[PDB]
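Just the one chain here, the form deposited in one PDB entry, laid out as structure tokens.
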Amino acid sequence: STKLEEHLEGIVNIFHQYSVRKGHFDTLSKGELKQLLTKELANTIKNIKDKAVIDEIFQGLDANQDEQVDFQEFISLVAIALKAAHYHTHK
């Protein structure tokens, strides 16, 4: 409804377009995370292509080591991307 709320809805929508693909409809496997990062965060994260970088993000986000990133764990990634977007407006 407000522009902020539309941004919140959009982030949720984008999570879901990747989370539905395989396995649990509401969590991201590593493959789904990889597709999300590659496509949707291509200009935000350095070395986004490199394989090592994705295994390491994935391990960092998977706080309970069940090999899935749930919505709550995914929020840590949004936090990282928000800080960088903030940095980017000033630099």
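Rigid core (definition): largest C-alpha set, two forms, superposition within 1.5 Å. A residue's number is simply how far along the shown sequence it sits, counting from 1.
Below: the form deposited in another entry, not depicted.
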Comparing between the shown form and the other one on the rigid core, is the C-alpha shift at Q65 2 Å or larger? yes
Please check if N47 moves between the shown form and the other one, taking a CA shift of 2 Å or more relative to the superposed core as movement. yes
Take the rigid core as the frame of reference and indicate whether the C-alpha of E56 shifts by 2 Å or more between the shown form and the other one. yes
One pair moves by 3 angstroms or more in the other entry: the C-alpha atoms of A81 and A63, which are farther
Would you mind telling me if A85 and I48 are closer or farther apart in the other entry than in the shown form, C-alpha to C-alpha, with a 3 Å or larger change? closer
